[PDB]
Amino acid sequence: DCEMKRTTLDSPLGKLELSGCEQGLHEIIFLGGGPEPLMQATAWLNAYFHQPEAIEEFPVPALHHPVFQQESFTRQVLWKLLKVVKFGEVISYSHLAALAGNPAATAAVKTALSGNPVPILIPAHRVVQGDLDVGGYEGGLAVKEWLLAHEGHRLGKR
Ligand SMILES: Nc1nc(OCc2ccccc2)c2nc[nH]c2n1
Ligand SMILES: [Zn+2]
């Protein structure tokens, strides 16, 4: 269900395909101006890459993937990560599990993050194993560590 529109965007990480409906952004997928969620999402991601100093000024699009439609711990993981963990910061899986309402549920957090339908925007790349261990990522570490380097973090690697 949902009346789905798709759109594409160039990025330093290659082509990104955004998909959405009138109620919200659904997905940001790696292909390898106004109030519509898909347009707000395009502007946000373009700012992320090209005007990162202004990123907090760009509206975050409404999200309508089915994981955001119903109450769950997975929803809490993604929502709280989005709300709390800012550009240039990281948080540990363990601390994020507690923030989401289930302390110590580190493996459940990892599973939730692997299901994130809107990477970068929901910053799964900012969730690490610990102080000296950048942890895991869908498709391997290079993109995770590139994003952290873009944000100036010690754990990043260009
Ligand atoms: N932080 C983190 N993030 C993951 O995937 C996020 C992601 C989802 C979709 C596309 C790209 C990246 C993880 N998978 C296992 N451990 C993880 N730890
Ligand atoms: Zn929808």
Side-chain angles (χ1 to χ4, degrees), residues 1-9 11-32 35-42 44-45 48-49 59-100 102-151 153-157:
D1 201 287
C2 277
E3 282 306 331
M4 300 304 304
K5 204 212 156 181
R6 317 211 176 242
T7 175
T8 300
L9 177 72
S11 82
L13 287 171
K15 281 209 161 219
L16 305 181
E17 187 196 296
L18 298 69
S19 61
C21 75
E22 70 162 337
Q23 281 178 278
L25 180 70
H26 276 227
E27 285 191 277
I28 299 168
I29 297 160
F30 291 70
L31 297 176
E36 179 80 6
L38 219 45
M39 300 306 127
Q40 282 182 338
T42 309
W44 191 96
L45 283 172
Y48 178 82
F49 286 116
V60 177
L63 310 171
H64 202 245
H65 187 280
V67 81
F68 301 107
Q69 296 178 25
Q70 295 292 331
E71 186 171 47
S72 71
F73 174 79
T74 298
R75 187 167 79 176
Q76 280 296 302
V77 171
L78 302 172
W79 273 359
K80 286 282 190 289
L81 174 55
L82 175 56
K83 154 171 268 304
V84 172
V85 185
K86 298 309 185 184
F87 190 107
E89 306 180 338
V90 304
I91 191 171
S92 71
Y93 297 111
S94 186
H95 297 174
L96 179 53
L99 181 52
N102 188 359
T106 277
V109 167
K110 289 169 175 177
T111 299
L113 297 173
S114 81
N116 182 12
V118 292
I120 312 174
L121 174 71
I122 292 194
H125 63 280
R126 298 182 192 134
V127 196
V128 301
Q129 181 68 42
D131 194 63
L132 297 173
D133 181 349
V134 69
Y137 205 66
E138 292 308 306
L141 278 170
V143 173
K144 184 184 194 172
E145 283 172 329
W146 185 94
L147 294 157
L148 291 167
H150 172 71
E151 297 183 14
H153 205 275
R154 166 181 63 81
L155 295 177
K157 291 176 188 152

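For the numbers below, each heavy atom of this structure counts, side chains included, while hydrogens, waters and symmetry mates do not. We count ligands from 1, going down the list as the structure has it; atoms in each ligand are counted the same way. Numbering starts at 1 and runs along the sequence shown.
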field: Atoms in ligand 1 flagged as close to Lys144, the criterion being non-hydrogen separation under 4.0 Å
entry: 1 (N)
message: Under a 4.0 angstrom heavy-atom cut-off, which atoms of ligand 1 come close to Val127?
response: 1 (N)
message: For the backbone of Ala98 and the side chain of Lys80, can you confirm whether one donor and one acceptor N or O come within less than 3.5 Å of each other?
response: no
task: Run the salt-bridge test on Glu151 and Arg126 with the 4.0 Å N-O cut-off and return the result as yes or no.
output: yes
- prompt: Is the number of heavy atoms from other residues, nucleotides or ligands within 6.0 Å of NZ (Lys83) greater than 12?
  reply: no
message: If you count every heavy atom of other residues, nucleotides or ligands that lies below 6.0 Å from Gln69 atom CD, does the total exceed 12?
response: yes
- prompt: About how many Å separate NE2 of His64 and NE2 of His26, when rounded to the nearest 0.5 Å?
  reply: 5.5 Å
CD1 on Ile28 to OG on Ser19, rounded to 0.5 Å: 9.0 Å
Quick one: nearest non-hydrogen protein atom to [atom], plus distance?
| atom | answer |
| --- | --- |
| atom 8 (C) of ligand 1 | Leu113 O, 3.4 Å |
| atom 18 (N) of ligand 1 | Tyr93 OH, 2.6 Å |
| atom 11 (C) of ligand 1 | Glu138 CB, 3.7 Å |
| atom 1 (N) of ligand 1 | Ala124 O, 2.8 Å |
| atom 9 (C) of ligand 1 | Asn116 O, 3.7 Å |
| atom 13 (C) of ligand 1 | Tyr137 CA, 3.6 Å |
| atom 2 (C) of ligand 1 | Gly136 O, 3.2 Å |

task: Look at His64 and state whether any of its N, O or S atoms is less than 2.8 Å from the Zn ion (ligand 2).
output: yes
message: With a heavy-atom distance limit of 4.0 Å, tell me whether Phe30 approaches ligand 1 through its side chain, its backbone, both, or neither.
response: neither
- request: Heavy-atom distances under 4.0 Å are what count here, so tell me which part of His125 touches ligand 1: side chain, backbone, both or neither.
  value: neither
- prompt: Where does the angle between the aromatic ring planes of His150 and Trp146 fall among parallel (under 30°), tilted (30 to 60°) and perpendicular (over 60°)?
  reply: parallel
field: Side chain to side chain, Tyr48 and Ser11, heavy atoms closer than 4.5 Å
entry: no
